[PDB]
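Student: Enclosed is the structure file model_15.tsv (TSV, C-alpha atoms).
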chain	number	residue	atom	x	y	z
A	1	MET	CA	16.37	64.99	-39.46
A	2	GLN	CA	19.19	64.57	-36.98
A	3	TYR	CA	18.07	61.70	-34.76
A	4	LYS	CA	19.54	61.13	-31.31
A	5	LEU	CA	20.32	57.55	-30.31
A	6	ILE	CA	20.21	56.95	-26.57
A	7	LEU	CA	22.66	54.20	-25.80
A	8	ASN	CA	21.36	52.79	-22.54
A	9	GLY	CA	23.30	49.62	-23.04
A	10	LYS	CA	25.17	47.29	-20.70
A	11	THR	CA	28.27	47.84	-22.79
A	12	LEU	CA	27.91	51.58	-23.27
A	13	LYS	CA	25.91	54.59	-22.19
A	14	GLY	CA	26.20	57.49	-24.58
A	15	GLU	CA	24.49	59.72	-27.10
A	16	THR	CA	24.89	60.06	-30.85
A	17	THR	CA	23.11	61.61	-33.82
A	18	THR	CA	22.85	61.01	-37.54
A	19	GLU	CA	21.43	63.24	-40.25
A	20	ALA	CA	18.69	60.90	-41.38
A	21	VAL	CA	16.17	61.40	-44.16
A	22	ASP	CA	13.71	59.10	-42.39
A	23	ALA	CA	13.22	57.44	-39.00
A	24	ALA	CA	13.57	54.05	-40.69
A	25	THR	CA	16.85	55.27	-42.14
A	26	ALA	CA	17.98	56.60	-38.76
A	27	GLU	CA	17.15	53.41	-36.89
A	28	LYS	CA	19.32	51.46	-39.35
A	29	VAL	CA	22.39	53.57	-38.66
A	30	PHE	CA	21.61	53.37	-34.96
A	31	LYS	CA	21.30	49.60	-35.36
A	32	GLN	CA	24.71	49.53	-37.01
A	33	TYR	CA	26.16	51.62	-34.18
A	34	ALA	CA	24.47	49.52	-31.50
A	35	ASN	CA	25.28	46.17	-33.10
A	36	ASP	CA	28.91	47.12	-33.70
A	37	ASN	CA	29.36	48.28	-30.11
A	38	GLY	CA	27.54	45.26	-28.69
A	39	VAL	CA	24.35	46.66	-27.19
A	40	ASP	CA	21.05	44.87	-27.79
A	41	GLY	CA	18.50	46.92	-25.96
A	42	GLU	CA	14.76	47.38	-26.16
A	43	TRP	CA	14.29	49.66	-29.15
A	44	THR	CA	11.96	52.46	-28.15
A	45	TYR	CA	11.52	55.52	-30.33
A	46	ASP	CA	10.29	58.79	-28.87
A	47	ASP	CA	8.74	61.18	-31.38
A	48	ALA	CA	8.66	64.07	-28.91
A	49	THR	CA	12.46	64.29	-28.72
A	50	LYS	CA	13.05	62.29	-31.93
A	51	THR	CA	15.20	59.87	-29.96
A	52	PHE	CA	15.82	56.14	-30.34
A	53	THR	CA	16.37	54.61	-26.93
A	54	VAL	CA	17.96	51.19	-26.56
A	55	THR	CA	17.45	50.12	-22.98
A	56	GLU	CA	19.76	47.25	-22.05
A	57	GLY	CA	20.09	46.54	-18.35
A	58	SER	CA	20.80	42.83	-18.63
A	59	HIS	CA	19.89	41.34	-15.25
A	60	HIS	CA	18.28	38.05	-16.29
A	61	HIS	CA	16.33	35.88	-13.84
A	62	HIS	CA	18.61	32.90	-13.35
A	63	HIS	CA	20.56	34.46	-10.50
A	64	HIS	CA	18.48	34.77	-7.34
A	65	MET	CA	19.00	32.93	-4.07
A	66	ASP	CA	18.52	36.08	-2.06
A	67	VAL	CA	16.11	36.21	0.87
A	68	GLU	CA	15.95	39.35	3.02
A	69	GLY	CA	16.70	42.95	2.12
A	70	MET	CA	16.53	46.45	3.62
A	71	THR	CA	19.81	45.72	5.38
A	72	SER	CA	21.24	48.55	7.45
A	73	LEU	CA	24.96	49.29	7.58
A	74	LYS	CA	26.93	50.52	10.55
A	75	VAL	CA	29.59	53.12	9.95
A	76	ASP	CA	31.72	53.91	13.00
A	77	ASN	CA	34.68	56.12	13.92
A	78	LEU	CA	32.50	58.58	12.07
A	79	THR	CA	33.64	62.19	11.97
A	80	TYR	CA	31.21	64.66	13.54
A	81	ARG	CA	31.65	66.87	10.47
A	82	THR	CA	29.82	64.23	8.44
A	83	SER	CA	26.41	65.18	7.05
A	84	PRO	CA	23.69	62.56	6.21
A	85	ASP	CA	23.82	63.56	2.53
A	86	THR	CA	27.55	62.80	2.68
A	87	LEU	CA	27.27	59.06	3.39
A	88	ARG	CA	24.19	58.75	1.20
A	89	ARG	CA	26.10	60.14	-1.78
A	90	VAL	CA	28.99	57.72	-1.22
A	91	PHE	CA	27.11	54.52	-0.38
A	92	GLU	CA	24.70	54.85	-3.34
A	93	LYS	CA	27.70	54.15	-5.58
A	94	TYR	CA	28.27	50.73	-4.03
A	95	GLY	CA	24.64	49.72	-3.95
A	96	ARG	CA	21.07	50.96	-4.08
A	97	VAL	CA	20.68	52.78	-0.78
A	98	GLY	CA	17.24	53.90	0.33
A	99	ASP	CA	18.00	56.33	3.12
A	100	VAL	CA	20.70	57.16	5.67
A	101	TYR	CA	20.58	57.90	9.37
A	102	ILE	CA	23.55	59.91	10.58
A	103	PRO	CA	22.58	60.70	14.20
A	104	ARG	CA	23.05	64.24	15.42
A	105	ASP	CA	23.83	63.69	19.08
A	106	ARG	CA	24.37	66.94	20.96
A	107	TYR	CA	24.73	65.23	24.33
A	108	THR	CA	28.04	63.63	23.48
A	109	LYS	CA	29.72	65.98	21.00
A	110	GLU	CA	32.77	63.74	21.11
A	111	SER	CA	32.19	60.18	22.29
A	112	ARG	CA	30.32	57.87	19.93
A	113	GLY	CA	30.83	58.41	16.23
A	114	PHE	CA	28.47	56.16	14.31
A	115	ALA	CA	25.93	56.33	11.50
A	116	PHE	CA	23.54	53.98	9.73
A	117	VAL	CA	22.79	53.56	6.07
A	118	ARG	CA	19.82	51.54	4.80
A	119	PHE	CA	20.21	49.66	1.54
A	120	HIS	CA	17.88	47.93	-0.91
A	121	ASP	CA	19.05	44.40	-0.22
A	122	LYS	CA	21.95	42.54	1.37
A	123	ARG	CA	23.35	42.25	-2.15
A	124	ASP	CA	23.89	46.02	-2.15
A	125	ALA	CA	25.17	46.11	1.41
A	126	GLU	CA	27.80	43.43	0.84
A	127	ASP	CA	29.75	45.57	-1.60
A	128	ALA	CA	29.33	48.61	0.64
A	129	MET	CA	30.23	47.15	4.04
A	130	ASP	CA	33.23	45.31	2.60
A	131	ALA	CA	34.46	48.24	0.56
A	132	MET	CA	33.94	51.22	2.82
A	133	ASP	CA	35.50	49.56	5.81
A	134	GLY	CA	38.48	51.80	5.25
A	135	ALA	CA	36.73	54.51	3.23
A	136	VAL	CA	37.73	58.11	3.78
A	137	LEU	CA	34.77	60.50	3.73
A	138	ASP	CA	37.12	63.38	4.59
A	139	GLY	CA	39.93	62.54	6.98
A	140	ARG	CA	38.72	59.25	8.38
A	141	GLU	CA	38.31	55.74	7.06
A	142	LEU	CA	34.81	54.82	8.22
A	143	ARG	CA	34.33	51.55	10.05
A	144	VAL	CA	31.54	50.16	7.90
A	145	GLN	CA	30.07	46.84	8.96
A	146	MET	CA	26.76	45.11	8.25
A	147	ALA	CA	24.26	46.15	10.89
A	148	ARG	CA	21.53	43.53	10.70
A	149	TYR	CA	20.08	44.60	14.04
A	150	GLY	CA	16.42	43.78	14.45
A	151	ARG	CA	14.25	46.71	15.53
A	152	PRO	CA	16.03	50.00	16.28
A	153	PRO	CA	15.10	50.85	19.91
A	154	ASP	CA	16.48	54.38	19.46
A	155	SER	CA	16.76	54.44	23.26
A	156	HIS	CA	20.13	56.17	22.94
A	157	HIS	CA	18.57	59.42	24.16
A	158	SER	CA	20.74	60.84	26.93
Starting from the file, give its structure as structure tokens.
Tutor:
Amino acid sequence: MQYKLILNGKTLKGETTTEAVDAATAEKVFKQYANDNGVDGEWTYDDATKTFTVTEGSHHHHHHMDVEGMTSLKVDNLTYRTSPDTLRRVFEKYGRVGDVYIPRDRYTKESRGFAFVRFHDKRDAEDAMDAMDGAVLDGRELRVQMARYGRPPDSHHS
């Protein structure tokens, strides 16, 4: 039986198989592989796919002085060729983004170029706002700053 080991480790994330005569035999070889590489994840075996999953996220609970989340980011100098999916795809790399609001203003087709992106927590936004201030989505480095505005009035309707 060729068992698949799902390396969901902090060190690695890969897949491997061994021709094992038994699940107990397979898990040993997987344990060797995991232990040698340096992943100590929650051993969970799935019979359906015959896979051994070691889930190792490693977050702990010692680090947390955070307060408020759902921070919005402000991207400016934004190109009008930018689609909402575009920023969402980029920003989600820097942090856990929930949704993005790239306004589609047809009143000023060339005046204000801005968009908003809404992240999980400030922790996610910090990496994003700092990084993407100077990020090129196509032919423009976006002006990404932290937009901690309280209550979007949305009164920008011409």
Student: What is the distance, in Å and to one decimal place, between CA of residue 81 in chain A and CA of residue 153 in chain A?
Tutor: 24.9 Å
Student: I'd like to know which of A:48, A:54, A:147, A:24 is closest to residue 73 in chain A, using all atoms listed in the file.
Tutor: A:147
Student: Give the answer as one residue: which of A:35, A:86, A:108, A:155 has the shortest atom-to-atom distance to residue 138 in chain A, using all atoms listed in the file?
Tutor: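 When distances to residue 138 in chain A are compared using all atoms listed in the file, the smallest one comes from A:86.
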Student: Scan for residues within 7 Å of the point (16.7, 58.8, -31.1) in the coordinates of the file, using only C-alpha atoms, and reply as a tab-separated table (two decimals) with C-alpha atoms, keeping the file's coordinate frame.
Tutor:
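point_4.tsv was written with the following content:
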chain	number	residue	atom	x	y	z
A	3	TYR	CA	18.07	61.70	-34.76
A	4	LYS	CA	19.54	61.13	-31.31
A	5	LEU	CA	20.32	57.55	-30.31
A	6	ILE	CA	20.21	56.95	-26.57
A	45	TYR	CA	11.52	55.52	-30.33
A	46	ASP	CA	10.29	58.79	-28.87
A	50	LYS	CA	13.05	62.29	-31.93
A	51	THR	CA	15.20	59.87	-29.96
A	52	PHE	CA	15.82	56.14	-30.34
A	53	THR	CA	16.37	54.61	-26.93
Student: Using only C-alpha atoms, which of A:94, A:30, A:107, A:43 sits nearest residue 55 in chain A?
Tutor: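 Selected residue with least distance to residue 55 in chain A: A:43.
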Student: Provide the CA of residue 40 in chain A to CA of residue 27 in chain A distance in Å, to one decimal place.
Tutor: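 These two atoms are separated by 13.1 Å.
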Student: Please, what distance in Å, to one decimal, runs between CA of residue 89 in chain A and CA of residue 69 in chain A?
Tutor: 20.0 Å
Student: Would you please work out which residue, of A:148, A:96, A:31, A:140, is nearest to residue 124 in chain A when using all atoms listed in the file?
Tutor: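 Looking at the shortest contact to residue 124 in chain A, the residue is A:96.
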Student: For a cut-off of 8 Å around (20.2, 52.0, -2.7), file coordinates, pick out all residues using all atoms listed in the file and list them as a ChimeraX atom specification.
Tutor: /A:91-92,95-99,118-120,124
Student: Find, counting all atoms listed in the file, the residue in A:1, A:128, A:87, A:82 that gets nearest to residue 25 in chain A.
Tutor: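 Closest to residue 25 in chain A, using all atoms listed in the file: A:1.
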Student: I'd like the neighbourhood of residue 74 in chain A as number ranges by chain, where a residue qualifies if any of its atoms comes within 9 Å (using all atoms listed in the file), though same-chain residues fewer than 4 positions away should be ignored.
Tutor: A: 114-117, 129, 143-148
Student: Pick the closest to residue 32 in chain A from A:56, A:79, A:112, A:18: which is it, counting all atoms listed in the file?
Tutor: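 The answer is A:18, which sits nearest to residue 32 in chain A.
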Student: Any idea what's packed within 12 Å of residue 150 in chain A, counting only C-alpha atoms, ignoring anything in its chain fewer than 5 positions away? Could you give it as a list in words?
Tutor: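 Listed by chain and then number, they are residues 70, 71 and 72 of chain A.
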Student: Please write N, CA and C atoms of range 51-89 of chain A, from the structure given just now, as a JSON list (two decimals), in the first residue's frame.
Tutor:
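part.json written:
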[["chain", "number", "residue", "atom", "x", "y", "z"],
["A", 51, "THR", "N", -4.05, 8.75, 3.44],
["A", 51, "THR", "CA", -3.04, 9.77, 3.63],
["A", 51, "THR", "C", -2.76, 10.03, 5.11],
["A", 52, "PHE", "N", -1.49, 10.27, 5.43],
["A", 52, "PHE", "CA", -1.10, 10.72, 6.76],
["A", 52, "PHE", "C", -0.81, 12.21, 6.72],
["A", 53, "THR", "N", -1.63, 12.99, 7.39],
["A", 53, "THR", "CA", -1.46, 14.44, 7.38],
["A", 53, "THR", "C", -0.83, 14.92, 8.68],
["A", 54, "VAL", "N", 0.31, 15.58, 8.56],
["A", 54, "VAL", "CA", 0.90, 16.26, 9.70],
["A", 54, "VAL", "C", 0.67, 17.76, 9.59],
["A", 55, "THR", "N", -0.27, 18.26, 10.36],
["A", 55, "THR", "CA", -0.59, 19.67, 10.34],
["A", 55, "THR", "C", 0.24, 20.41, 11.38],
["A", 56, "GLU", "N", 1.13, 21.27, 10.91],
["A", 56, "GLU", "CA", 1.97, 22.06, 11.78],
["A", 56, "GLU", "C", 1.94, 23.52, 11.35],
["A", 57, "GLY", "N", 1.12, 24.31, 12.03],
["A", 57, "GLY", "CA", 1.03, 25.72, 11.72],
["A", 57, "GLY", "C", 1.98, 26.53, 12.56],
["A", 58, "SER", "N", 2.09, 26.15, 13.83],
["A", 58, "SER", "CA", 3.00, 26.78, 14.78],
["A", 58, "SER", "C", 2.70, 28.28, 14.90],
["A", 59, "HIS", "N", 1.74, 28.62, 15.75],
["A", 59, "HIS", "CA", 1.38, 30.01, 15.98],
["A", 59, "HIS", "C", 1.60, 30.37, 17.44],
["A", 60, "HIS", "N", 1.39, 29.38, 18.31],
["A", 60, "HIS", "CA", 1.54, 29.56, 19.76],
["A", 60, "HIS", "C", 0.46, 30.51, 20.29],
["A", 61, "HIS", "N", 0.58, 30.90, 21.54],
["A", 61, "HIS", "CA", -0.37, 31.82, 22.15],
["A", 61, "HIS", "C", 0.33, 32.73, 23.15],
["A", 62, "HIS", "N", 1.60, 32.97, 22.92],
["A", 62, "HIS", "CA", 2.39, 33.85, 23.77],
["A", 62, "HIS", "C", 2.42, 35.25, 23.17],
["A", 63, "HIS", "N", 2.34, 35.30, 21.85],
["A", 63, "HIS", "CA", 2.40, 36.56, 21.13],
["A", 63, "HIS", "C", 0.99, 37.05, 20.80],
["A", 64, "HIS", "N", 0.54, 38.06, 21.53],
["A", 64, "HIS", "CA", -0.74, 38.69, 21.26],
["A", 64, "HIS", "C", -0.94, 39.92, 22.13],
["A", 65, "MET", "N", -0.71, 41.08, 21.54],
["A", 65, "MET", "CA", -0.97, 42.36, 22.19],
["A", 65, "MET", "C", -1.85, 43.19, 21.28],
["A", 66, "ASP", "N", -2.41, 42.50, 20.30],
["A", 66, "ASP", "CA", -3.24, 43.09, 19.27],
["A", 66, "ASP", "C", -4.59, 43.50, 19.85],
["A", 67, "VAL", "N", -5.25, 44.47, 19.22],
["A", 67, "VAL", "CA", -6.51, 44.98, 19.74],
["A", 67, "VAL", "C", -7.61, 44.93, 18.67],
["A", 68, "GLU", "N", -7.51, 45.80, 17.68],
["A", 68, "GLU", "CA", -8.56, 45.94, 16.68],
["A", 68, "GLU", "C", -8.12, 45.39, 15.33],
["A", 69, "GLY", "N", -9.07, 44.83, 14.59],
["A", 69, "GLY", "CA", -8.78, 44.29, 13.28],
["A", 69, "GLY", "C", -9.67, 44.88, 12.21],
["A", 70, "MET", "N", -9.88, 44.13, 11.13],
["A", 70, "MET", "CA", -10.70, 44.56, 9.99],
["A", 70, "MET", "C", -10.24, 45.91, 9.45],
["A", 71, "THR", "N", -8.94, 46.14, 9.49],
["A", 71, "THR", "CA", -8.35, 47.37, 9.00],
["A", 71, "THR", "C", -8.43, 47.45, 7.48],
["A", 72, "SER", "N", -8.86, 48.60, 6.98],
["A", 72, "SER", "CA", -8.90, 48.83, 5.55],
["A", 72, "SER", "C", -7.61, 49.50, 5.09],
["A", 73, "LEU", "N", -7.20, 49.22, 3.87],
["A", 73, "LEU", "CA", -6.04, 49.86, 3.29],
["A", 73, "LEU", "C", -6.46, 50.80, 2.18],
["A", 74, "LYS", "N", -5.69, 51.85, 1.99],
["A", 74, "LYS", "CA", -5.95, 52.78, 0.91],
["A", 74, "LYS", "C", -4.86, 52.68, -0.13],
["A", 75, "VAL", "N", -5.24, 52.29, -1.33],
["A", 75, "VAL", "CA", -4.32, 52.28, -2.45],
["A", 75, "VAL", "C", -4.69, 53.44, -3.37],
["A", 76, "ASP", "N", -3.71, 54.27, -3.70],
["A", 76, "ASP", "CA", -3.98, 55.45, -4.51],
["A", 76, "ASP", "C", -3.04, 55.48, -5.71],
["A", 77, "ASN", "N", -3.25, 56.45, -6.59],
["A", 77, "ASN", "CA", -2.56, 56.53, -7.88],
["A", 77, "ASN", "C", -2.96, 55.33, -8.72],
["A", 78, "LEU", "N", -4.06, 54.71, -8.31],
["A", 78, "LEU", "CA", -4.52, 53.46, -8.88],
["A", 78, "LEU", "C", -4.87, 53.61, -10.35],
["A", 79, "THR", "N", -4.40, 52.68, -11.16],
["A", 79, "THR", "CA", -4.72, 52.65, -12.57],
["A", 79, "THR", "C", -6.18, 52.24, -12.78],
["A", 80, "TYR", "N", -6.84, 52.86, -13.74],
["A", 80, "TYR", "CA", -8.25, 52.59, -13.99],
["A", 80, "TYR", "C", -8.45, 51.25, -14.69],
["A", 81, "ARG", "N", -7.35, 50.61, -15.06],
["A", 81, "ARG", "CA", -7.41, 49.29, -15.68],
["A", 81, "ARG", "C", -7.39, 48.20, -14.61],
["A", 82, "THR", "N", -7.32, 48.61, -13.36],
["A", 82, "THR", "CA", -7.27, 47.68, -12.24],
["A", 82, "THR", "C", -8.65, 47.09, -11.96],
["A", 83, "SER", "N", -8.72, 45.78, -11.83],
["A", 83, "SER", "CA", -9.95, 45.10, -11.43],
["A", 83, "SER", "C", -9.87, 44.72, -9.95],
["A", 84, "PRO", "N", -11.02, 44.68, -9.24],
["A", 84, "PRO", "CA", -11.06, 44.30, -7.82],
["A", 84, "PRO", "C", -10.29, 43.01, -7.52],
["A", 85, "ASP", "N", -10.52, 41.99, -8.33],
["A", 85, "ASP", "CA", -9.82, 40.71, -8.21],
["A", 85, "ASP", "C", -8.30, 40.90, -8.23],
["A", 86, "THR", "N", -7.86, 41.90, -8.99],
["A", 86, "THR", "CA", -6.45, 42.20, -9.13],
["A", 86, "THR", "C", -5.78, 42.50, -7.78],
["A", 87, "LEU", "N", -6.30, 43.49, -7.06],
["A", 87, "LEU", "CA", -5.70, 43.87, -5.78],
["A", 87, "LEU", "C", -5.88, 42.76, -4.76],
["A", 88, "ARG", "N", -7.03, 42.11, -4.80],
["A", 88, "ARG", "CA", -7.35, 41.04, -3.87],
["A", 88, "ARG", "C", -6.32, 39.92, -3.97],
["A", 89, "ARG", "N", -5.97, 39.57, -5.20],
["A", 89, "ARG", "CA", -5.01, 38.51, -5.47],
["A", 89, "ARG", "C", -3.62, 38.88, -4.94]]
